[PDB]
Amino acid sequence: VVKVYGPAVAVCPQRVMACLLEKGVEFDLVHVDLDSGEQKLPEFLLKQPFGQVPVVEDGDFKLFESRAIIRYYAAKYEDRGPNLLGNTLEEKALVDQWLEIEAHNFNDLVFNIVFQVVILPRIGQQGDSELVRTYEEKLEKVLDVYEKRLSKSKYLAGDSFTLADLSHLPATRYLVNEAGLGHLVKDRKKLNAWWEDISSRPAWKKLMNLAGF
């Protein structure tokens, strides 16, 4: 049984768990207490040498980097559950393109925002609201590209749900709830409909029930 390391509430562990749930892969969650810096101490650095979560252990196989992990499990269990990768090399490439868009254009801004608005106040530090503003204005321009895409295609990589969509679930939820920036999605009709669809999937609802969201 796969072991997943990290808090249930954290974005990158959730990305992994969402894929495992979609693919029907049993796992055991091992909390790592990011609040207290457990991920930076020697025991955990033997598992993830950059001191970040998640890592997975699957027998004597060990893997980190959330987007590497979801690609691995989507392939290992391709012929079960939803096709998350695409079939043809061109379909697979479009999944990869929209993962790459998620991982930089989108997530660099969303993380920055959530870190200032949500993470830092929890440890007694004021966020930099002016900086958050700059991220918000960049993110509107990124999401205008999403809206254009979703006007043409039901999901990001084509007409079916894939890893590309899945990878957005955890951070987007924080963006539109805890960070108070739901307008970024609600202002964009196709994006809003996409969000209400993907975030209502049974695997995601199960994970949110576990996490308390």
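The first residue of the shown sequence is 1; numbering continues from there.
Taking the PDB entry as given, 23 to 31 carries the higher mean Cα B factor of the two stretches 154 to 162 and 23 to 31.
Of the two stretches examined, 144 to 152 and 54 to 62, the record assigns the greater average C-alpha temperature factor to 54 to 62. Of the candidates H104, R71, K92, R133, it is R133 whose Cα B-factor is highest according to the PDB record. Remark: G37 belongs to the highest third of its chain, ranked by C-alpha B-factor as recorded.
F111: CA B factor in the middle third of modelled residues in this chain (values from the PDB entry). Sort the chain's modelled residues by C-alpha temperature factor and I123 lands in the highest third, per the entry.
For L84, the recorded CA temperature factor ranks within the middle third of the chain's modelled residues.
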